[PDB]
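Engineer: what's the 3D shape of this:
(chains A and B)
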Amino acid sequence: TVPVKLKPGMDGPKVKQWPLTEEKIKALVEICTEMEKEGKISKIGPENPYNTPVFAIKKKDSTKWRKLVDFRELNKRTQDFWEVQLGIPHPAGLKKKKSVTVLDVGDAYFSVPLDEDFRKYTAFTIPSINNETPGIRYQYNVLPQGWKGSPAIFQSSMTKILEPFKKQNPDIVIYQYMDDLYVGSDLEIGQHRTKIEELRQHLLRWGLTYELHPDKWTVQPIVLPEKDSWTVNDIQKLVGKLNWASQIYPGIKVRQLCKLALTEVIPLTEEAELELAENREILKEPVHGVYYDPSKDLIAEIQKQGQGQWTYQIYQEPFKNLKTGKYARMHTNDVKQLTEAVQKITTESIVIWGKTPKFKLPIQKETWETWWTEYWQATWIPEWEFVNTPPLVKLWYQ
Amino acid sequence: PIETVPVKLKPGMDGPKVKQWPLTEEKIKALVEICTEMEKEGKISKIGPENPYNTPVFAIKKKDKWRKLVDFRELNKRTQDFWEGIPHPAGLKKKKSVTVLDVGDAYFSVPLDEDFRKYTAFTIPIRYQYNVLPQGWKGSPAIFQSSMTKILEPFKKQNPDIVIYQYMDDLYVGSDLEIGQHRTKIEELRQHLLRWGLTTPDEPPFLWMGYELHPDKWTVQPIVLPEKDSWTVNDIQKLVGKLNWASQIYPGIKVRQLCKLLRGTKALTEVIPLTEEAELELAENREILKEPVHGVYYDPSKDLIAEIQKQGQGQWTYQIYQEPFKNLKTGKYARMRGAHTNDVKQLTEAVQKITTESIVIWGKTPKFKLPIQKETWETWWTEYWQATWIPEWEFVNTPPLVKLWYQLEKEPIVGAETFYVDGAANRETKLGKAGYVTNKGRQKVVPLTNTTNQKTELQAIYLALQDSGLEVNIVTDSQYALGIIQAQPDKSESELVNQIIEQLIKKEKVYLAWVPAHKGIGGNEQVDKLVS
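Structural biologist: Numbers count the residues shown, from 1 in each chain, chains lettered A, B, ... in the order given. The protein structure is shown below:
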């Protein structure tokens, strides 16, 4: 074992658990008791005041629940223990692969136990309906899944197992995150899927255990209407949109356009025509003067388009965005759409810059806290803050 | 013979120590009499004089005769934190045989940490020491509950059929077995309880956690307080707890001021003054608290069916049931922001609250019977900017109903007198004026008091809306006014906003658009010179 530490003057997380559904608790009891039967967790009394929430989910179509522990507070508190071990360099080639397959490797941590003095911090309670029984509180004896240090301890151990693989097929890029293994290969999908099987066999041989396509990923530009005969309202709306665009693309001039009924058309003036066309060309080009500063976290802002479509902006500072894209799925449920959208944003973010950004969700916090776990299939959990202001950005983007 | 749960202090603390304000001999005799028998019971031991701490003891009649009490107010400030909802009557399944057993002061049966006993001395102005849980330590309930769980686990294991609850001193045991059988099984339970040193002292009604259990119904024993011109302070520290507990049973209880008046105060010699305002609030709260609740036992084989009704202006109902005319639980909901809202959004928030409460109580989300028409809900959910969901539900027809009063058009209207508005405000003397500019040029600038920028932006729209016909177009340079208006609200603290709402109700085709500020767009230039 190796020591585990906290940022000085930081206490263990004390975050109360939100209520759970009857089937969820019924299955969670089975999972947790089976775990204790195999020595994975040990029950505790009231001397441990810490607690982190739990919720059992279903990752895939397989009919078997699996539990998640929101270690957002524990990861934040134990952020210092990451600085002792940095994964340098992060693979920049995954961004270019033709196929990246995500293989769950959470089960690896079950064999490497934790440093004892930190066991107390990983505690959770599986609450009972109507608060009849007080609630069985356990502690993690083996390493957690979502804990920041969970792969940090296993990094050296695992990379030993990967040594043959990186030895014999360099073009594969294998990169890991809190629970997941991303394997990339810019090959034909036929043999990409072939080496996926061999990697699975290699992993299980030494005791461990939609498709994702970065190349097809594209940056959606912003377009401007060009109706054959616009009317006075159209120019007003177009100007109102464009003057916002200067905060992104500085090379924008509209002084001709604003040169000025709204039942009729107003034919555009020629100098306005040329200037506007020049601006249209400028807008339809790759964003400029933007890069990544790894010293600051990343912000993901989602805005709803209200017809079974969504748009998002991924930025590190305001008015300067790294990745822009839309999420669409054609009358269905609504919370499911954000949850799928949040998951797809975070998968892309993990691939491209290797960390989950902070979300600014378009939903009341009360609403999210009830039905976010119903439709989440992912081991990780991103930090989110809630937005209660409708801007013009939603109309601006699409 | 029962394992002691380890307990430690909060870090960087070496208390407690408070000089007990010396008592008098008549009561001291009572303290001695209690102490001798308490010791011979192996409960409290006369420590060695090397222990340096002390805490006060008072004598209470236990009625409104010199019952022992030790004030652990300063002791609680150093204890390590421990894990600390309430079981609602609505969540008790039917059980044809029911009994409620009370533990005979079981806190005097679960040992306290022998290593922590140094911090709970007991002087009679003869230092003593607790070895079992204190009778008033806020840390005691947690360890008591834990010990009860650990001792009950085997008996529960060997009997899966029975269901056993325990909150403070009651052991709600229920089973479907016959009474002739159930008494024998409960006798087994009592003997097993005695095995671990617990003592059990020694009927259509049953009093369980303050809920009166009945053959097919449940109710709350009416909860009332002692009344006096001035109340004993320590009892006030009790009555706050009783009111707190009643808050879960019956809403509309706030004692925050009463709690502050206690918390600031730390003495008993002076007769503690009580405010008239908070006292009257307590009295009026109690008057409302005179209401007998009801309900019936939940049967999981039948689905919950809730229903919300719109009383008026931010008052709703929370009727929950599984059969007609048998309320499982009834509640009411009111506005939370109190500033800007709309009825459909209020309905969504009410559904959210009901779902949260239902998952808490029974665990399965219900089938709401909302009143709103489906077309209206679909339109609002497809057009509103944020994300909202309602679980499976059906409309129910009632004379009052919820609808969006008005809509803001999505296409500027042919012939409609497009009306331009603008607004600005100053700071030294609130010298900002408002008005509107129109296609034909009609306008009016009427001086305004308490001129505020957001206020002015609002005022610009209303000035034009008052002198506008049916079909209107309004171009505003405020994103804020547009945002407030286009949220389709129905209640706001502003009679200005409400006046706009009542005005816009009359209009038939109203269309709003926005412009950038401090730019020449061929409109407001007529009164661009308004302020500068």
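
Engineer: Please list all residues in contact with residue A:374.
Structural biologist: residue A:335 (Cβ atoms under 8 Å, 6 or more residues apart in numbering or on different chains). Yep, even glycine has a C-beta here, placed from its N, CA and C like the rest.

Engineer: Just to be sure, it is in a helix?
Structural biologist: Yes. Looking at residue A:374 with DSSP: H, G, I helix; E, B strand; the rest coil, it is inside a helix.

Engineer: Can you report phi and psi for the spatially closest residue to residue A:373 that is not a sequence neighbour?
Structural biologist: Nearest residue to residue A:373, sequence neighbours excluded (Cβ to Cβ, 6 or more residues apart in numbering or on different chains): residue A:55, at 4.4 Å. With angles defined as degrees, to the nearest 10, residue A:55 sits at phi -160, psi 130.

Engineer: same check, this time on residue A:102
Structural biologist: According to degrees, to the nearest 10, residue A:102 has phi -100, psi 110.

Engineer: And the helices in the stretch 201-350 of chain A, which stretches?
Structural biologist: Remark: helices assigned in the stretch 201-350 of chain A by DSSP state H, counting those that start in this stretch are A:232-245, A:270-283, A:335-353.

Engineer: out of those helices, nearest to residue A:307?
Structural biologist: Checking the helices of the stretch 201-350 of chain A against residue A:307 by Cβ to Cβ gives helix A:335-353 as the closest, at 11.2 Å.

Engineer: contacting residues around the stretch of helix or strand residue A:166 belongs to?
Structural biologist: Per DSSP states H and E, residue A:166 falls inside helix A:149-168. Identification of contacts with helix A:149-168 by Cβ under 8 Å, 6+ apart yields A:2, A:4, A:78, A:81-82, A:84-85, A:87, A:105, A:108-109, A:112, A:143-144, A:172, A:174, A:176-179, A:199, A:202-203, A:206, A:208.

Engineer: one step back: would you turn the helices of the stretch 201-350 of chain A into TSV with distance to residue A:313?
Structural biologist: Below are those laid out as TSV (distance: least, Cβ to Cβ, whole Å):
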stretch	distance to residue A:313
helix A:232-245	13
helix A:270-283	16
helix A:335-353	10
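
Engineer: still on that earlier bit, which parts of the helix holding residue A:166 are buried?
Structural biologist: A:149-154, A:158, A:162, A:165 (16 or more other Cβ atoms under 10 Å in any protein chain shown).

Engineer: now stretch A:330-337
Structural biologist: For stretch A:330-337, using 16+ other Cβ under 10 Å, the buried residues are A:334-337.

Engineer: how far does that stretch sit from the chain's center?
Structural biologist: Here the centre of stretch A:330-337 is set off from its chain's centre by 19 Å, with Cα atoms, centre = their mean, to the nearest Å.

Engineer: Tell me if that stretch is near chain B.
Structural biologist: Yes. Using Cβ under 8 Å from any Cβ of the partner chain, stretch A:330-337 reaches chain B at A:333-335, A:337.

Engineer: ok, the residue nearest to residue A:373 - contacts?
Structural biologist: So residue A:55 contacts A:20, A:24, A:67-68, A:70, A:373 (Cβ under 8 Å, 6+ apart).

Engineer: Now residue A:251: closest residue in space, sequence neighbours ignored.
Structural biologist: Closest to residue A:251 by Cβ to Cβ, 6+ apart is residue A:282, at 5.1 Å.

Engineer: I'd say that neighbour and residue A:254 touch.
Structural biologist: No. Counting by Cβ atoms under 8 Å, residue A:282 stays clear of residue A:254, with 12.0 Å between them.

Engineer: In terms of neighbours, single out the busier of these two.
Structural biologist: residue A:254 (19 against 15; other Cβ atoms under 10 Å in any protein chain shown).

Engineer: Nearest spatial neighbour of that one, chain-adjacent residues omitted?
Structural biologist: residue A:242 (5.6 Å).

Engineer: list the contacts for residue A:173?
Structural biologist: Contacts of residue A:173 (Cβ under 8 Å, 6+ apart): A:91, A:93-94, A:97, A:182-185.

Engineer: now the residue nearest to residue A:373: how far from residue A:372?
Structural biologist: Distance, residue A:55 to residue A:372, using Cβ to Cβ, to the nearest Å: 9 Å.

Engineer: Kindly report the same for residue A:131.
Structural biologist: Residue A:131 is 23 Å from residue A:372, by Cβ to Cβ.

Engineer: just residue A:71 next, same as before
Structural biologist: For residue A:71, the distance to residue A:372 - Cβ to Cβ - is 16 Å.

Engineer: So between the two, which is more surrounded?
Structural biologist: residue A:71 (27 against 19).

Engineer: Name the SS class of the closest residue to that one other than its chain neighbours, please.
Structural biologist: In space, and not counting its chain neighbours, residue A:71 is closest to residue A:146: 4.3 Å by Cβ to Cβ, 6+ apart. Of the three states, residue A:146 takes coil according to three-state DSSP.

Engineer: related to what we said a few turns ago, from residue A:246, how far off is the residue nearest to residue A:251?
Structural biologist: For residue A:282, the distance to residue A:246 - Cβ to Cβ - is 11 Å.
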